[PDB]
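S.K.: Structure incoming, see below.
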Amino acid sequence: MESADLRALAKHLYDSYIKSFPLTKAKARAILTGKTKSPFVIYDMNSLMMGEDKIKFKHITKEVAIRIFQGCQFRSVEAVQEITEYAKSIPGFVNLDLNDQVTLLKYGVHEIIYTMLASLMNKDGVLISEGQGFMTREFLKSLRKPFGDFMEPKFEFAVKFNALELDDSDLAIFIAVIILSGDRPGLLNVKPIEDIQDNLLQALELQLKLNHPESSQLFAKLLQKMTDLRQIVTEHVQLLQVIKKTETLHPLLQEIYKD
Amino acid sequence: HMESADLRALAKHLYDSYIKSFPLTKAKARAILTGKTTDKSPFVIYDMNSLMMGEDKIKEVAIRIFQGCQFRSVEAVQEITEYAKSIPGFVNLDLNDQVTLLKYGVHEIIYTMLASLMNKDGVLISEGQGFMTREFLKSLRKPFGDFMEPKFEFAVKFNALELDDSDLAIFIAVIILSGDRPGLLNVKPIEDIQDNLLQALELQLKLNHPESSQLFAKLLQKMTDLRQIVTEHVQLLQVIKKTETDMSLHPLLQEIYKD
Ligand SMILES: CS(=O)(=O)c1ccc(COc2cc(C(=O)O)ccc2-c2nn(C(=O)c3c(Cl)cccc3C(F)(F)F)c3ccc(Cl)cc23)cc1
Ligand SMILES: CS(=O)(=O)c1ccc(COc2cc(C(=O)O)ccc2-c2nn(C(=O)c3c(Cl)cccc3C(F)(F)F)c3ccc(Cl)cc23)cc1
């Protein structure tokens, strides 16, 4: 692969990335820093009870920490259809065996949600509703019994991840790399998936050297994050499993949020 | 007004979710029913002697058949639910509108998709391994005999249109997104999505059945009939319940009906 072909693959994903996802990282960083119609801030129970009436949330039908929990699930399901659509533009993806496509997404969406969620997060809280809102980390971390400790590990990850200082052109490729993992359980034909990931890895390597020439071994250091990424996704589901056996939904709803 | 290229994209997107969400396609089901094959060959159930043997093979009578359908309907509801999540726009509607669209739309879609498993003489069962003759079901006792046949009756008429899975994937999507369901909160954005699916359905049919005079018009007129048979169906279940008190329904099905 000559440099000309990789740079082309980079723009192809960067362009598709911009179209697929509602709030890019460049906009979210301008909002958080304060360089841009301020977001409505959620810092306690009373302000959330206001933000729902104001910034009318679509997941509203209930106890406070549960409602926060379920609004996240609503946003996750949405992001899953967003990532699914982005995958279709990864050169090669739509030519995979259809079962391999379903498998790659089934297993990759949590690591990619966790990743892109770092784009909307800083030390102190997280952007919501396409940047219209801001929910403080102090508030999320303070929620009761299980719900408090379910929220904080996200902020903890994102603070470490954001130290890498990636932008949207870096992330468009890094995301494509996650999807095309050849070690997902039960793939039928691994070779062409590794073939594509070897191509994206090549595109990721070059992008980083061009876009961060002063950041020694940034490529290696981001690949070690995918190590870290495997751990929080496991933690996550073993924390989901625990919520269910204690806390609470409508049978039709349960099918949507299944898995 | 969407550009032709954008619509055709929507068709391919939906056909692809259809192949992925539903296990027994219509193309496969017509391959079994036609026959001419040795491996794709159903065990036929036409009486009790055949029923007692197929259980070993395919692995009171009318009750167990009644119960087998409901277990199978629950499965189809989970399959349709997963399909709904990929209809572009669906997961972004008001959550209660989502439940409403599904609550009313699943029966209309099972009946449509059950016609794929049907010819004048019977129905595939157990993912195509089995086949149950219409005559036998029609011969079941008390109320249960007349419970099975109206499916065959609608299905023979519907299948005369000769649609394939690329046509049905869109027609199914159009059904889910009906803005005239009881109790929707935001009718406008549901219609907005349905106008695009209608647009996508018209073109697909005009291209895939160019020798079919007014196939689009005739196919929308089938949505008339479907509305009636769900009424008939739920009113015959209600009557069976006041007769067969042993019998229990599935909570997910139980939730859909109470409406
Ligand atoms: C209380 S509200 O209704 O006003 C409310 C609405 C919206 C949010 C923002 O949340 C997210 C936004 C995007 C996005 O914009 O791309 C992506 C993810 C989340 C989010 N997912 N998530 C999970 O638990 C989770 C995760 Cl990580 C991975 C997979 C599945 C899940 C699931 F399914 F369990 F949900 C969070 C936990 C904490 C926080 Cl802080 C955010 C998230 C917050 C509050
Ligand atoms: C005796 S068995 O266990 O081997 C057995 C298993 C499976 C069948 C096939 O049946 C179906 C298969 C599929 C499918 O494959 O997608 C889809 C639907 C039905 C089916 N549902 N149904 C109902 O009454 C019904 C319906 Cl439509 C909608 C909602 C709820 C119900 C419920 F709950 F009231 F039941 C039928 C009635 C007659 C016939 Cl002919 C078929 C069906 C047959 C035998």
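Naming works like this for the structure tokens: A, B, ... for the chains as they're shown, residue 1 at the start of each chain, ligands 1 onward in shown order.
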For chain A, which residues have at least one atom within 12 Å of chain B, if we go by only C-alpha atoms? Write them as a ChimeraX atom specification, please.

M.R.: /A:56-61,70-71,73-85,88,94-95,97-103,129,249-259

S.K.: Write out as JSON lines the residues of chain B that have any atom within 6 Å of an atom of ligand 2, one row each with the nearest atom pair and its distance in Å to one decimal, counting only C-alpha atoms and all ligand atoms, sorted by chain and then rising number.

M.R.:
{"residue": "B:65", "atom": "CA", "partner": "ligand 2", "partner_atom_place_in_ligand_line": "1 (C)", "distance": 3.5}
{"residue": "B:66", "atom": "CA", "partner": "ligand 2", "partner_atom_place_in_ligand_line": "35 (F)", "distance": 5.9}
{"residue": "B:68", "atom": "CA", "partner": "ligand 2", "partner_atom_place_in_ligand_line": "3 (O)", "distance": 3.1}
{"residue": "B:69", "atom": "CA", "partner": "ligand 2", "partner_atom_place_in_ligand_line": "7 (C)", "distance": 4.4}
{"residue": "B:70", "atom": "CA", "partner": "ligand 2", "partner_atom_place_in_ligand_line": "33 (F)", "distance": 3.4}
{"residue": "B:72", "atom": "CA", "partner": "ligand 2", "partner_atom_place_in_ligand_line": "7 (C)", "distance": 5.6}
{"residue": "B:73", "atom": "CA", "partner": "ligand 2", "partner_atom_place_in_ligand_line": "18 (C)", "distance": 5.1}
{"residue": "B:76", "atom": "CA", "partner": "ligand 2", "partner_atom_place_in_ligand_line": "16 (O)", "distance": 5.5}
{"residue": "B:107", "atom": "CA", "partner": "ligand 2", "partner_atom_place_in_ligand_line": "28 (C)", "distance": 5.3}
{"residue": "B:110", "atom": "CA", "partner": "ligand 2", "partner_atom_place_in_ligand_line": "17 (C)", "distance": 5.5}
{"residue": "B:111", "atom": "CA", "partner": "ligand 2", "partner_atom_place_in_ligand_line": "27 (Cl)", "distance": 5.7}
{"residue": "B:114", "atom": "CA", "partner": "ligand 2", "partner_atom_place_in_ligand_line": "17 (C)", "distance": 5.1}
{"residue": "B:125", "atom": "CA", "partner": "ligand 2", "partner_atom_place_in_ligand_line": "7 (C)", "distance": 5.1}
{"residue": "B:148", "atom": "CA", "partner": "ligand 2", "partner_atom_place_in_ligand_line": "38 (C)", "distance": 3.8}

S.K.: Between atom CA of residue 60 of chain B and atom CA of residue 47 of chain B, what distance in Å does the model show, to one decimal?

M.R.: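 So the two atoms, atom CA of residue 60 of chain B and atom CA of residue 47 of chain B, lie 13.5 Å apart.
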
S.K.: DSSP on the backbone: which residues in segment 6-137 of chain B end up as strand (DSSP E)? Give the answer as a list in words.

M.R.: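 Those in segment 6-137 of chain B that DSSP calls strand (DSSP E) are residues 43, 44, 45, 118, 119, 122, 123, 124, 125, 130, 131, 132 and 133 of chain B.
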
S.K.: Can those selected residues be exported to a file as a PDB file, in the first residue's frame so that it contains C-alpha atoms?

M.R.:
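Result file result.pdb:
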ATOM      1  CA  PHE B  43     -41.176 -34.382   7.004  1.00  0.00           C
ATOM      2  CA  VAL B  44     -44.913 -33.972   6.386  1.00  0.00           C
ATOM      3  CA  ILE B  45     -47.403 -34.102   9.288  1.00  0.00           C
ATOM      4  CA  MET B 118     -47.356 -21.269   3.092  1.00  0.00           C
ATOM      5  CA  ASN B 119     -48.884 -22.779  -0.015  1.00  0.00           C
ATOM      6  CA  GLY B 122     -49.775 -26.449   4.277  1.00  0.00           C
ATOM      7  CA  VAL B 123     -47.130 -24.572   6.236  1.00  0.00           C
ATOM      8  CA  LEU B 124     -43.447 -25.110   7.001  1.00  0.00           C
ATOM      9  CA  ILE B 125     -42.657 -25.530  10.705  1.00  0.00           C
ATOM     10  CA  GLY B 130     -41.450 -29.887   9.018  1.00  0.00           C
ATOM     11  CA  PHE B 131     -44.591 -29.261   7.018  1.00  0.00           C
ATOM     12  CA  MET B 132     -48.137 -29.365   8.381  1.00  0.00           C
ATOM     13  CA  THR B 133     -50.980 -29.867   5.969  1.00  0.00           C
TER      14      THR B 133
END

S.K.: Hey, what's within 9 Å of residue 124 of chain A if we count only C-alpha atoms and toss same-chain stuff fewer than 2 positions away? As an MDAnalysis selection string, please?

M.R.: chainID A and resid 121:122 126 135:138 155

S.K.: Which residues come within 8 Å of residue 108 of chain B, counting only C-alpha atoms, excluding same-chain residues fewer than 4 positions away, as a list in words?

M.R.: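 In the requested form, the answer reads residues 104, 112, 175, 226, 227 and 230 of chain B.
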
S.K.: Excluding residue 195 of chain B and residues on its chain fewer than 6 positions from it, collect all residues at most 12 Å away from it, counting only C-alpha atoms, and give them as a list in words.

M.R.: residues 1, 2, 7, 170, 173, 174, 175, 177, 178, 179, 188, 189, 201 and 202 of chain B

S.K.: Find the residues near segment 204-214 of chain B: any atom within 10 Å, counting only C-alpha atoms, skip ones fewer than 2 places away on the same chain, and give them as a list in words.

M.R.: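 Contacts, with the query itself left out: residues 7, 8, 11, 12, 161, 162, 163, 164, 166, 167, 170, 198, 199, 200, 201, 202, 216, 217, 218 and 219 of chain B.
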
S.K.: With only C-alpha atoms as the atoms that count, which of B:168, B:137, B:237, B:197 lies nearest to residue 10 of chain B?

M.R.: B:197

S.K.: Measuring between only C-alpha atoms and all ligand atoms, which one of A:133, A:185, A:92, A:39 shows the shortest distance to ligand 1?

M.R.: A:133

S.K.: Write out as a list in words each polymer residue whose atoms come within 12 Å of residue 212 of chain A, counting only C-alpha atoms; drop sequence neighbours fewer than 4 positions from it.

M.R.: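 My reading of the contact set: residues 164, 165, 166, 167, 169, 170, 204, 205, 206, 207, 208, 216, 217, 218 and 219 of chain A.
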
S.K.: Can you work out the spacing between atom CA of residue 91 of chain A and atom CA of residue 117 of chain A in Å, to one decimal?

M.R.: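 Taking atom CA of residue 91 of chain A as the start and atom CA of residue 117 of chain A as the end point, the length is 24.6 Å.
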
S.K.: Looking only at alpha helix (DSSP H) from DSSP on the backbone, list the matching residues of segment 104-151 of chain A as a PyMOL selection string.

M.R.: chain A and resi 104-117+137-142+145-151

S.K.: Go ahead and write the residues just picked, N, CA and C atoms, as a CSV table (one decimal), in the first residue's frame.

M.R.:
chain,number,residue,atom,x,y,z
A,104,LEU,N,-19.2,-9.0,14.1
A,104,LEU,CA,-18.2,-8.0,14.4
A,104,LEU,C,-18.9,-6.8,15.1
A,105,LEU,N,-20.1,-6.5,14.7
A,105,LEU,CA,-20.8,-5.4,15.4
A,105,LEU,C,-21.3,-5.8,16.7
A,106,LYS,N,-21.9,-7.0,16.9
A,106,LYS,CA,-22.4,-7.4,18.2
A,106,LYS,C,-21.4,-7.2,19.2
A,107,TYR,N,-20.1,-7.6,18.9
A,107,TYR,CA,-19.0,-7.6,19.9
A,107,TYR,C,-18.2,-6.3,20.0
A,108,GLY,N,-18.3,-5.4,18.9
A,108,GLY,CA,-17.5,-4.2,18.9
A,108,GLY,C,-18.2,-3.0,19.4
A,109,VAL,N,-19.5,-3.0,19.6
A,109,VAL,CA,-20.2,-1.7,19.8
A,109,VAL,C,-19.9,-1.2,21.2
A,110,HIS,N,-19.8,-2.0,22.2
A,110,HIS,CA,-19.5,-1.5,23.6
A,110,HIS,C,-18.1,-0.8,23.6
A,111,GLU,N,-17.1,-1.4,23.0
A,111,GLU,CA,-15.8,-0.8,23.0
A,111,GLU,C,-15.8,0.5,22.3
A,112,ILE,N,-16.7,0.6,21.3
A,112,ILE,CA,-16.8,1.8,20.4
A,112,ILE,C,-17.7,2.9,21.1
A,113,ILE,N,-18.7,2.5,21.8
A,113,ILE,CA,-19.4,3.4,22.6
A,113,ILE,C,-18.5,4.0,23.6
A,114,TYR,N,-17.9,3.2,24.5
A,114,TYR,CA,-16.9,3.7,25.5
A,114,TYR,C,-15.9,4.7,24.9
A,115,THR,N,-15.4,4.4,23.7
A,115,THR,CA,-14.4,5.2,23.1
A,115,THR,C,-15.1,6.6,22.7
A,116,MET,N,-16.2,6.6,22.0
A,116,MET,CA,-16.7,7.8,21.5
A,116,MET,C,-17.3,8.6,22.6
A,117,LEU,N,-17.7,8.0,23.7
A,117,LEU,CA,-18.3,8.6,24.9
A,117,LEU,C,-17.2,9.5,25.5
A,137,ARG,N,-20.3,15.4,36.4
A,137,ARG,CA,-19.8,14.1,36.9
A,137,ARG,C,-20.0,14.0,38.4
A,138,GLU,N,-19.9,15.1,39.2
A,138,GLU,CA,-20.2,15.0,40.6
A,138,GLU,C,-21.6,14.5,40.8
A,139,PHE,N,-22.6,14.9,40.0
A,139,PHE,CA,-23.9,14.4,40.2
A,139,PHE,C,-24.0,13.0,39.9
A,140,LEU,N,-23.6,12.6,38.7
A,140,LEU,CA,-23.6,11.2,38.3
A,140,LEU,C,-22.9,10.2,39.3
A,141,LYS,N,-21.7,10.6,39.8
A,141,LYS,CA,-21.0,9.8,40.7
A,141,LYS,C,-21.7,9.6,42.0
A,142,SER,N,-22.6,10.6,42.4
A,142,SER,CA,-23.2,10.6,43.7
A,142,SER,C,-24.5,9.7,43.8
A,145,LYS,N,-26.8,3.5,45.7
A,145,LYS,CA,-26.5,2.1,45.8
A,145,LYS,C,-25.7,1.6,44.6
A,146,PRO,N,-26.3,1.0,43.5
A,146,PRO,CA,-25.4,0.5,42.4
A,146,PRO,C,-25.1,1.6,41.4
A,147,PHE,N,-26.1,2.5,41.2
A,147,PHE,CA,-26.0,3.4,40.0
A,147,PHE,C,-24.8,4.3,40.1
A,148,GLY,N,-24.4,4.7,41.3
A,148,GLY,CA,-23.3,5.6,41.4
A,148,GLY,C,-22.0,5.0,40.8
A,149,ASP,N,-21.6,3.8,41.3
A,149,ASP,CA,-20.4,3.2,40.8
A,149,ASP,C,-20.5,2.6,39.4
A,150,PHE,N,-21.6,2.7,38.8
A,150,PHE,CA,-21.8,2.3,37.4
A,150,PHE,C,-21.3,3.4,36.4
A,151,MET,N,-21.4,4.7,36.9
A,151,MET,CA,-21.2,5.9,36.0
A,151,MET,C,-19.7,6.3,36.1

S.K.: If you measure from atom CA of residue 153 of chain B to atom CA of residue 113 of chain B, what distance in Å do you get, rounded to one decimal?

M.R.: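 These atoms are spaced 14.0 Å apart.
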